[PDB]
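Peer 1: need a 3D model of the sequence below.
(one chain, ligands or ions: 2)
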Amino acid sequence: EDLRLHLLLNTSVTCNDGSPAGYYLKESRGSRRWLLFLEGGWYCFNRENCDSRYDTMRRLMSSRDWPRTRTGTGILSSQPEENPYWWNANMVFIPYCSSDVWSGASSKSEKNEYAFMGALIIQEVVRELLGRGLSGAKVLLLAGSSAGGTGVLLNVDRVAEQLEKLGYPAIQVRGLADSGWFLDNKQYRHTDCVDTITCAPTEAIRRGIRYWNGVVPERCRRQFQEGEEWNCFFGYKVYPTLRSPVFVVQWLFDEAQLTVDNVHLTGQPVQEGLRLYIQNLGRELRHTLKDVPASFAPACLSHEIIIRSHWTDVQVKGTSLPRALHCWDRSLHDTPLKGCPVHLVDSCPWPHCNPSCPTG
Ligand SMILES: Cc1ccccc1OCC(=O)Nc1ccc2[nH]nnc2c1
Ligand SMILES: *[C@@H]1O[C@H](CO)[C@@H](O)[C@H](O)[C@H]1NC(C)=O
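Peer 2: Numbers count the residues shown, from 1 in each chain. Ligands and ions are numbered 1, 2, ... in the order given. Sharing the structure here:
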């Protein structure tokens, strides 16, 4: 009940169906910390699959049925028992209603059945919050899970630039990308992109960018250039182009990654081909995080962590995620810290080799 809905006052910034986008807010009068969380929820990339999403996932495409309040959980909780890290922060939950991995900049019109405005929704939320206390902030942490985690990578630097051009260069913009660090790897079984379920992420995102009028960070765009902006949706490719500090949270054996790799576990014995596939996926993920100084990557088969009520339970090398985020805060005061690590990547090679992995 802690977060209260506000629909955007700028009615031109809309969910997929043209209804107003919005945000849920719980203010903390004492605090100059602001947490803006980007909800996840896959994406759609053509008329037919967006139509189907509108039938059975309408809250991800429309505000018409949104409730007036939401309960803050995990990193959005205001109870220190549940949220050791930022329980006293101003809390913002931004519903994902643009189906575009937070990248879109296109309105519904005579040529567009749907609006894809994810990148504009974030900018408009930031603008409207500045009159609600964000103008006094010292840190704005843009966080997100799954498609919202990818959205952090695509938008954190644009939020920084926006605040600079609005006259607030003192607000420190940082990112926390959870479960949004995907690999454009070989699938375990492969299909040509002939419909929605057969379309590999690289091809689905390439089509999505054109359907959404998707935008990516400027430095990444200049590296990959026209026709190749889909590359900037892959964390290991976009991360090195970013200037804002970003903490990366990623399960080594993410269930969404395995799904897009056409791996479906049943509990039956894993044979050698699939064993090597899974072990190689964990090794590749670990490799992409080698030069990411702020990261938390447990060897578990799971998906998302930061808004889960029991997010405090998982540890890597004996350090929980709330502790690692606290150590990250200390490291950004402006040399490593004794017993306060920020780079926590498991080295064991199979899901649940870490005993603190979520049970399910
Ligand atoms: C794949 C990919 C590559 C680069 C960037 C984003 C991305 O995808 C975002 C997402 O949200 N994906 C997703 C997949 C499978 C899922 N199963 N359940 N939720 C799921 C979400
Ligand atoms: C409303 O949003 C649109 C799209 O982002 C933007 O072009 C316009 O300037 C905004 N209007 C105001 C008053 O902020």
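
Peer 1: show me the contacts for the residue lying closest to residue 91 once chain neighbours are set aside.
Peer 2: Using CB to CB, 6 or more residues apart in numbering and skipping residues adjacent in sequence, the residue nearest residue 91 is residue 26, 4.3 Å away. For the C-beta atoms, the positions are set from N, CA and C on the backbone; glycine is no exception. Listed by CB atoms under 8 Å, 6 or more residues apart in numbering, the contact partners of residue 26 are 2, 3, 4, 72, 78, 90, 91.

Peer 1: which stretches in the stretch 201-350 of the chain count as helices?
Peer 2: According to DSSP state H, counting those that start in this stretch, the stretch 201-350 of the chain carries its helices in the segments 201-212, 218-224, 235-238, 255-260, 272-288, 321-331.

Peer 1: now tabulate those helices in TSV and tack on mean neighbour count.
Peer 2: Converted to TSV, these look like this (neighbours: other CB atoms under 10 Å):
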stretch	mean neighbour count
helix 201-212	20
helix 218-224	15
helix 235-238	22
helix 255-260	18
helix 272-288	16
helix 321-331	20
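
Peer 1: ligand 1 contacts on the stretch 101-250 of the chain?
Peer 2: 101, 146, 147, 150, 182, 201, 205, 233, 234 (CB under 6 Å from any ligand atom).

Peer 1: between those, which has the most around it?
Peer 2: Ranked by neighbour count (other CB atoms under 10 Å), those have residue 101 at the top, with 32 neighbours.

Peer 1: so it, which state does it fall into?
Peer 2: coil (DSSP: H, G, I helix; E, B strand; the rest coil).

Peer 1: hmm, residue 154 is touching residue 212, no?
Peer 2: No: Residue 154 lies out of contact with residue 212 (CB atoms under 8 Å); the separation is 11.5 Å.

Peer 1: what's near enough to touch the most centrally placed residue in the chain?
Peer 2: The C-alpha lying nearest the average C-alpha coordinate of the chain belongs to residue 149 (CA atoms, centre = their mean; 1.1 Å). For residue 149, the contacting residues are 38, 40, 177, 178, 179, 180, 181, 249, by CB under 8 Å, 6+ apart.

Peer 1: ligand 2 versus the residue nearest to it when sequence neighbours are not counted, what's the distance?
Peer 2: Closest residue to residue 149 apart from its sequence neighbours, by CB to CB, 6+ apart: residue 180 at 2.3 Å. Distance of residue 180 to ligand 2, given as CB to the nearest ligand atom, to the nearest Å: 23 Å.

Peer 1: neighbours of residue 180, just the number please.
Peer 2: Residue 180: 29 neighbours (other CB under 10 Å).

Peer 1: residue 152 too?
Peer 2: Counted with other CB under 10 Å, residue 152 comes out at 31.

Peer 1: quick one: secondary structure of it?
Peer 2: Under three-state DSSP, the three-state class of residue 152 is helix.

Peer 1: isn't it right up against residue 174?
Peer 2: No: counting by CB under 8 Å, residue 174 is not a contact partner of residue 152; they are 9.6 Å apart.
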